[PDB]
């Protein structure tokens, strides 16, 4: 089942797998066994990857193709994703700790993303303005912005990769990808999948390594035209600084969240409780769209919190390779400590622990119980800070206005969920809560047809959908004068 020896990966620039010299040793967060050895690349490796990406972009080998040919590769990548689902998921689990059932289901979304991007490759379009007059023809062109840096986090290593890479590639952009050091394997597998899919060399390059070395060099890179960053708001701001200090590269930022899940008394309380438990426990709460702030109508608040407790206590925690396991390991020790500290702060600051609050001790790996706090004052740390763990903070409200104000009482704005059978309540919360991803009587549903992204400090730009493909294009307005010019100078 688990690797007898950690799998040594290379990094990938210009279609060539490159042996590492220095390596990050990744142990399974769920099993405390060595699983992979990932090259710790240098800035020079990054430069070569950017150079390869630049070459692959400037020589027309990808952007010069018909959308049909880019779609062909992406549709083939999607097919290979299906064929390799189990292998990708196995390595995804090994490095991330998420359940194998979840990882497999994520691959389905990844396949949908590739198909969507393939479709979007063809539908990527600008405008014609044939309405400007007899001698004035206007158009708006879209063209791939060029070399796109892609930095991804460890919580959904492959999925977030597939929620970016295909959409970026679809327009004809080329990619330099730095996955999270702890979860680089499946990104390298995608590099192989893409190569097997017929992606030209240099179009998808993976420079593995640390955020401080490779990532920072990417965000500062003078020849990366745009960077998709998914990760903390803190490092996102560093990306922004780096863009300003380098080449003004565009940034597609997918940052933190402290997402509200607003539950009204007139919701299906059982459904909402399941969704709330799911919303904060999915990926063991290592989820930027996790519903970490329960905002429940006071009349059902205390019952509903308990409904969530019942739901959370039935969540199957265990070996992620158990197909029955529903939430897996905390991916990193730092995040594990962060979550535990936040639970400690929650207790210390006077919040009432309703369930969870501690580790799950399997003697191996790092697991944390789904945790629900109530009696949370908006000023508590667990109320404001992204815990990135299965830690739910519950807030009560009497009115729709209070619900949306609590929901909006955040620096973030990634996601929000509203549970109500009342169309007006649903639409009011949906329309007035500043979140880029909204779920009404659902959570974390919807495929790559729709753009995703955040308001406020949750990021810049949108990903997936046609939007996500357009996000990595530049808009070029073109005005053609066809009549004789009336001269400015006599």
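Residue numbers count along the first chain shown, from 1.
**Q** Between 120-128 and 379-387, which has the larger average Cα B-factor in the PDB entry?
**A** Between 379-387 and 120-128, it is 379-387 that shows the higher mean C-alpha B-factor.
**Q** Could you check the entry and say whether 187-195 or 353-361 has the higher mean CA B-factor?
**A** Taking the mean B-factor of the alpha carbons in each, 353-361 is higher.
**Q** Among 142, 316, 164, 293, which residue carries the highest C-alpha B-factor recorded in the PDB entry?
**A** The listed residue with the largest C-alpha B-factor is 316.
**Q** Among the candidates 204, 229, 154, 264, give the one with the maximum CA B-factor reported in the record.
**A** When the deposited C-alpha B-factors of 204, 229, 154, 264 are compared, 264 is largest.
**Q** Lowest, middle or highest third: where is residue 40 by Cα B-factor in its chain?
**A** Highest third, going by the recorded CA B-factors of the chain.
**Q** If you rank every modelled residue in this chain by C-alpha B factor, which third holds residue 20: lowest, middle or highest?
**A** For residue 20, the deposited C-alpha B-factor lands in the highest third.
**Q** Hey, what third does residue 31 fall into on Cα B-factor, ranked over its chain?
**A** Highest third.
**Q** Quick one: classify residue 12 as lowest, middle or highest third of the chain based on its Cα B-factor.
**A** Tercile = middle for this residue's CA B-factor.
**Q** Against its chain's modelled residues, does residue 421's Cα B factor rank lowest, middle or highest third?
**A** Answer is highest: the recorded C-alpha B-factor places it there.
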